[PDB]
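To begin, one chain is listed below as structure tokens, in the form deposited in one PDB entry.
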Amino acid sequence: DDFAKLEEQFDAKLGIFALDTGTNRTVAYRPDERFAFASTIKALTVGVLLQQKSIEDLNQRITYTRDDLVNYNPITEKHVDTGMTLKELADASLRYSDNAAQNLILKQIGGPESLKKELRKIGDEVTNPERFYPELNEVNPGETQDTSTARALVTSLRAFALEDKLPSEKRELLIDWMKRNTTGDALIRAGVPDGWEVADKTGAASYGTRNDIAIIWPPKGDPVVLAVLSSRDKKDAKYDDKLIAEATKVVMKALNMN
């Protein structure tokens, strides 16, 4: 009941799945409960992009205009005049959660419907991409569009980053981007001792949805893959990062890593 206690303290619903890739030991709490995936989808999106292109092909330059910019464009809003390469867009999407970058990448891989088809091909029957930004943040309780589960996001992040859905050079690019994420310092990273390498992707959406998916490398040992998803009862609810940090501390204890 440490997970239950956190739902009580933060008045939120929590979805946890963690897999120690070294022992196949698992920590779960509502692991199959749907949540809006929010920006966590960006990680899986770069997965599919990497699978479909050579590394050299990421050097294709994408021209775009103000009309491709949406509600949060911290990198893309600076380079309308020059455009950005696919590699630069992958960096913006993963490290800054640039929503226009995600939309431009989605367009290059054939849109939300194409992304869905490529996720089913890697064995993910759960994650349901259907819309672009900004609409994908808008998910009402009980709806399944743009939702996933903690178990499915772990299984899929692991498949791309650590297994055989990508060749080693592409896994390395994806892991490196996620390792240098700038948006995650208050979430999973804040539940993990300084010095352990962490790769993560955050998200936030309606109903106070607040998510983080990560790979954690304990000093030595095989890594852990973790999803912490959360949501609240009201549409305009605020979230609290500290719920994710605290849930992460619980996982690390339950796995005897701290």
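One rule holds for the numbers: they count along the sequence shown, beginning at 1.
One more form of this protein exists, namely the form solved in complex with a partner chain; it is left out here, but the text below deals with it.
Student: Identify whether its partner chain in the entry with it bound is within 4.5 Å of every residue in the set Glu7, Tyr29 and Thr144, based on non-hydrogen atoms.
Tutor: Verified in the entry with it bound; spot residues all out of contact, no.
Student: Picking from 205-213, 38-46, 53-61, 226-234, which part of the chain touches its partner chain in the entry with it bound when contact means heavy atoms within 4.5 Å?
Tutor: Going through the listed ranges, the match is 53-61.
Student: Using the partner position in the entry with it bound, report whether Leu69 sits within 4.5 Å of its partner chain, counting heavy atoms only.
Tutor: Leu69: contacts its partner chain in the entry with it bound.
Student: So in the entry with it bound, is its partner chain close enough to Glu118 to count as touching (4.5 Å, heavy atoms)?
Tutor: Output for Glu118 is no: heavy atoms all beyond 4.5 Å of its partner chain.
Student: Would you please decide whether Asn128 lies within 4.5 angstroms of its partner chain in the entry with it bound, comparing each non-hydrogen atom pair?
Tutor: No, no contact at 4.5 Å.
Student: Quick check on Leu104: any heavy atom within 4.5 Å of its partner chain in the entry with it bound?
Tutor: Result yes; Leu104 sits at the interface with its partner chain in the entry with it bound.
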